[PDB]
Every structure is written in C-alpha cells, then in structure tokens.
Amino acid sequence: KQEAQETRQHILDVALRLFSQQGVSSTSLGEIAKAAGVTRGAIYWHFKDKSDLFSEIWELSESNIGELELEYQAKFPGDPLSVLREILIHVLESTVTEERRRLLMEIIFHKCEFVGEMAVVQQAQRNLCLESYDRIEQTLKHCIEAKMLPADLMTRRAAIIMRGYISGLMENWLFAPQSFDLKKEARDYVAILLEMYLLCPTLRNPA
C-alpha cells in the first residue's frame, strides 16, 4: 500500500502529457483517468475537480524552486545578493533543462485559459504571487543590511520588476524557444537585473 502514491503521481504525469497536447480547457478528468488506466471514479477520489488537480500540479511540484535556497545559502553563508543571484539563474535555466517544469510552465503561460472555473486558481495564484512580492522584498531588505544593494532601493518595484523581468523572459522563451537561448544567456540576463538594482536610478527616491 502507498503504491497508490505510485498511482497518484501517475495521474499527474499523464495530465502534463495531455495538457501539453491539447490544453486544460479541452481536457476533462475523464481522458486523464482513461489515460491513467484508472477508473473515472478513481480519479475523482484523489482530486475534487480540474481546478485543484491543476492547482496540485502547481503545488505538488513543491516550490523547489524556493527550497534550494537555504542549501544554496549554505555555500554562500553571509552573502545575500549571491543567493538572490543563483536562485534566479536556477529558475530560468530549469525552464530549459527540467521537463517536469518545462511543460508545467508552458501550460501556466500558454496552454491554460484562466476562466472555466480556472478563474479560482487565478486567485489561488494572484495571492501566491503577492506573498512572492514580499518574500523578495525581505531578501532585498536583507541585501541592504549586508549592504550589497543601495540603501534607498524601491523594494516593491525591485520585486515587481524582478517578477516581471524573470517570468517575462520565461513567457517569451516558451512561446518561441527558438528565438533565443535561456540556458546560456541567463547568467547575464539575471546579472543585468541585479545590476539594475545596484546601478539604476529611478529605483530610489532618496531620504
């Protein structure tokens, strides 16, 4: 038993393959179960609906992303900026190398219409993103106390931009992965953003 945990991820797996083939709107828990080899009744057992199953793919892919950090932070102990550095290098380059996030993120951006009850997973993310604005603000406030970024840095915008710069490059590369290379140009792109924090005026307003 708990070979159901073998089966539980199996439904998540075959959802990605399908949500990439056709999108979320053109897919019911019907063809997922039919593809999972498990009954249409056994699928409505793990999950309530399509919303909190697709919320599951967003959730169960536990935010590693943000669970390396403390172990990235082990390598660079008292340097906060060098961790805000390599965490973003990771989020960009994992969209290239890691399949279980390659497709996952392509669906979030390009293969899911945020309407058909999918408007409620929009709020479950609208709110999750708002915590992110100030899971970053604090990392920046930390950076200002090790003094690696300016004292008068506009921290919310330094975060709204971060989000808008990082995922904007993600959205654009997922639409056309042929147009540019994210696995190579990332180190620079992210260093551009940290230099944007360091050198750019208009991200200040003194005293």
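Residue numbers here begin at 1 and follow the sequence given.
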Entry-level comparison of average CA B-factors, 55-63 and 171-179, reporting the higher stretch
55-63
Looking only at C-alpha temperature factors in the entry, 101-109 or 114-122, the higher average sits in 114-122
Selection by C-alpha B-factor (highest) of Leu140, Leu70, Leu29, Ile161
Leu70
Lowest, middle or highest third of the chain for the C-alpha temperature factor of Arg157?
lowest
Record-listed C-alpha B factor of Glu86: chain third:
lowest
Lowest, middle or highest third: where is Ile11 by Cα B-factor in its chain?
highest
CA B-factor placement of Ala146, once the chain's modelled residues are sorted into thirds:
middle
Where does the C-alpha B-factor of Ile166 rank in its chain, lowest, middle or highest third?
lowest
